Amino acid sequence: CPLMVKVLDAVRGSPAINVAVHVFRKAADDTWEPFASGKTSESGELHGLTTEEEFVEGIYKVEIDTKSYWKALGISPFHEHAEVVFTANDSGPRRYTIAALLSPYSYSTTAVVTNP
Amino acid sequence: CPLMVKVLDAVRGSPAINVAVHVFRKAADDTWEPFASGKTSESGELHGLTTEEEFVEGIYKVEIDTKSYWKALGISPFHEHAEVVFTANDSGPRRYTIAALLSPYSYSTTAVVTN
Amino acid sequence: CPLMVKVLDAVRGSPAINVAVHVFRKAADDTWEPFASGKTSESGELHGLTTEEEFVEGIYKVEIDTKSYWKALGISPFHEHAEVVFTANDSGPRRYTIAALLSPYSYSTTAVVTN
Amino acid sequence: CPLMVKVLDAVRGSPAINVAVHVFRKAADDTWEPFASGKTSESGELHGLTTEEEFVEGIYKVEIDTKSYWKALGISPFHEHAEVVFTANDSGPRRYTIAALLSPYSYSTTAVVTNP
Ligand SMILES: O=C(O)[C@H]1O[C@@H](Oc2ccc3c(=O)c(-c4ccc(O)cc4)coc3c2)[C@H](O)[C@@H](O)[C@@H]1O
Ligand SMILES: O=C(O)[C@H]1O[C@@H](Oc2ccc3c(=O)c(-c4ccc(O)cc4)coc3c2)[C@H](O)[C@@H](O)[C@@H]1O
């Protein structure tokens with residue numbers, strides 16, 4: 001699994017469940033091409049977005065749809081989404097975890113990058 | 001100042017100085033139109049981006065060029081930039097402060113919306 | 001102000017007002033002696049805790065009573081308080097800003113150490 | 001496993017490996033009694049601190065020894081340690097994960113609390 005997303009909820013002290021995630025790749029024409037999408041599980045994790053073969057070098061944008069998440073819980077949050085934009089695999093294949101911690105007016109994100 | 005940006009460096013425990021910031025507004029055709037830009041000051045702040053008259057309700061994107069900041073310190077960072085995307089509301093007089101805390105593989109952003 | 005505390009609320013996107021803050025210094029016998037205290041202002045800030053003369057090198061603990069803050073908003077929070085424990089250095093003129101960002105089950109704290 | 005600690009490094013984009021963790025419980029006399037300790041693994045995780053039987057209701061302090069961690073990497077950090085103080089199990093037994101994200105002048109911590 002070369003690209004995984006994990007999301008926690010700082011209001012409830014829980015995984016952030018059923019958070020939509022859309023991944024885009026920058027195309028040769030400098031537009032954002034849809035690449036993969038999914039939703040976090042009961043554990044707040046989203047696995048299976050892509051494969052090592054498909055996850056080539058490029059600039060990727062991971063959009064975490066935080067507004068849609070908070071609105072269901074009856075919170076009107078600040079952000080439209082949390083965006084994570086990064087160059088991937090430019091020194092060979094790596095495994096990436098994007099971790100995010102959500103509050104209605106704040107989010108914190110990091111990356112864990114490992115060499116398989 | 002209806003819109004202020006503040007950037008901190010979590011490695012050095014300092015303001016993040018001379019960081020480029022670009023602000024865009026979402027146009028009717030779902031593209032991002034340039035709206036305002038600047039560089040953070042010695043205090044890590046960027047004031048005077050816009051005015052109450054120009055800053056109408058809409059979706060805005062604040063792009064903070066964190067990659068250039070880290071590279072200038074000899075650090076290969078993770079992100080291309082930090083992006084903060086939000087709808088401005090009237091409603092909630094008035095002032096938006098977008099704060100960002102930067103690490104090489106991390107950032108956190110918070111909005112302080114006050115009167 | 002060699003020592004300032006700033007507290008933000010990540011649920012409301014606001015300063016955290018009327019938050020009690022206690023500062024302690026580590027005594028020679030490894031106990032924490034009261035040093036300074038106050039409540040955050042309407043801007044979420046607490047100034048005037050100490051003076052350059054009194055704030056010597058040493059280990060300090062800043063205790064932020066986050067539990068009372070959340071309970072007053074009807075929220076059962078996780079932490080008893082937020083604690084920030086650090087050595088003050090001379091060296092690095094001079095000013096310490098301890099910032100804290102509060103959520104019910106989370107907090108983040110950052111130090112801005114400037115001249 | 002009713003008490004687990006997970007720690008990430010925001011400078012290196014990795015788990016925070018070999019971070020010492022000391023847990024204390026507030027005693028009847030309002031002093032902090034040593035309760036459990038250990039170090040994070042290669043995955044940044046610390047399991048096996050306590051048992052459900054031993055982890056009774058109380059106020060617990062989890063001290064994450066961040067200074068000792070950064071100094072080895074030749075960084076002189078700001079904090080002595082990151083402290084997490086919380087009441088546990090006061091509505092029955094729960095499982096607690098304390099997650100922390102470390103930078104030299106900043107740390108971010110949350111709790112994931114689940115009901116077994
Ligand atoms: O490897 C393992 O065995 C386990 O590692 C965990 O991964 C982690 C580790 C740390 C964090 C974390 O620390 C935060 C976080 C905290 C504070 C912030 O400000 C931002 C993010 C988010 O999720 C995480 C997720 C993950 O939950 C499991 O799937 C995996 O099996
Ligand atoms: O006195 C000044 O000139 C100005 O200081 C600013 O204070 C601060 C100081 C520190 C932070 C900070 O550090 C964070 C933050 C962000 C992400 C985190 O994960 C943790 C903290 C948020 O905004 C801040 C805001 C404040 O916004 C202004 O009102 C004030 O006039």
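Computed over heavy atoms, backbone and side chain alike; hydrogens, waters and symmetry mates excluded. Below, chains carry the letters A, B, ... as their sequence lines are ordered, and counting in each starts from 1. Just follow the structure's listing: the first ligand is 1, and inside any ligand the first atom is 1.
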Exercise. What's the spacing between C/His22 NE2 and C/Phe35 CZ if we round to 0.5 Å?
Worked result: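 If I round to the nearest 0.5 Å, the distance is 14.0 Å.
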Measure from [atom] to the protein's non-hydrogen atoms and state whether any distance is below 4.0 Å.
{"atom": "atom 31 (O) of ligand 1", "result": "no"}
{"atom": "atom 15 (C) of ligand 1", "result": "no"}
{"atom": "atom 8 (C) of ligand 2", "result": "yes"}

Exercise. Does a donor on one side chain sit under 3.5 Å from an acceptor on the other, for C/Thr110 and D/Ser106?
Worked result: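 Looking only at side-chain atoms, D/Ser106 and C/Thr110 do form a donor-acceptor pair, the distance falling under 3.5 Å.
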For this session: Check whether the side chains of A/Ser68 and A/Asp65 place a donor and an acceptor atom closer than 3.5 Å, and report yes or no.
Result: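 Note: A/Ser68 and A/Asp65 side chains miss the donor-acceptor criterion.
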For this session: Return yes or no for this condition: an N or O of B/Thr97 is under 3.5 Å from an N or O of ligand 2.
Result: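 Among all N and O atoms of B/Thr97, none is under 3.5 Å from an N or O of ligand 2.
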Exercise. Would you say B/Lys6 and ligand 2 have an N/O pair spaced under 3.5 Å apart?
Worked result: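 Looking only at distances, the answer is no, because the N/O contact criterion of under 3.5 Å is not met.
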Exercise. Heavy-atom distance to atom 29 (O) of ligand 2: which of B/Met4, C/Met4, B/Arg95 wins?
Worked result: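 When every heavy atom of B/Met4, C/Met4, B/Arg95 is considered, B/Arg95 comes closest to atom 29 (O) of ligand 2.
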Exercise. Hey, looking at atom 20 (C) of ligand 2, which of B/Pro15, C/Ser108, B/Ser103 has the closest heavy atom?
Worked result: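 Selected option, by shortest heavy-atom distance: C/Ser108.
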Exercise. Do the ring planes of B/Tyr96 and A/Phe78 sit parallel (below 30°), tilted (30 to 60°) or perpendicular (above 60°)?
Worked result: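 If you compare the ring of B/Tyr96 with that of A/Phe78, the planes turn out tilted.
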Exercise. Under 4.0 angstrom from ligand 1, any heavy atom of A/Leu8?
Worked result: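 Yes, A/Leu8 has a heavy atom closer than 4.0 Å to ligand 1.
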Problem set entry | Shortest non-hydrogen separation from A/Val11 to C/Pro104 and the atoms involved |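 Heavy-atom minimum between the residues: O-CB, 3.5 Å.
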Exercise. Can you find a non-hydrogen atom of C/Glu45 under 4.0 Å from ligand 2?
Worked result: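 Under 4.0 Å: yes for C/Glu45.
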Exercise. Quick one: which of B/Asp9, B/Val5, B/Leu46, B/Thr40 gives a side-chain contact (heavy atoms from CB on, under 4.5 Å) with B/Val19?
Worked result: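 Of all the options given, the one that passes is B/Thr40.
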Exercise. Relative to the heavy atoms of B/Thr110, which atoms of ligand 2 are at a distance of less than 4.0 Å?
Worked result: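 Listed by number with element, the hits are 16 (C), 17 (C).
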Exercise. C/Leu101 heavy atoms, cut-off 4.0 Å: which ligand 2 atoms fall inside?
Worked result: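 Numbered from 1, ligand 2 contributes 18 (C), 19 (O), 20 (C).
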For this session: Check whether any side-chain heavy atom of A/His79 sits under 4.5 Å from a side-chain heavy atom of B/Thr109, and report yes or no.
Result: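 Yes. Closest side-chain heavy atoms under 4.5 Å.
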Problem set entry | Numbering as shown, the atoms of ligand 1 that approach A/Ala99 to under 4.0 Å (heavy-atom distance) |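 Contacts of ligand 1 toward A/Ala99, numbered from 1: 22 (C), 23 (O).
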Problem set entry | Side-chain donor/acceptor of D/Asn89 to backbone N/O of D/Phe55, under 3.5 Å |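 A pair under 3.5 Å: yes.
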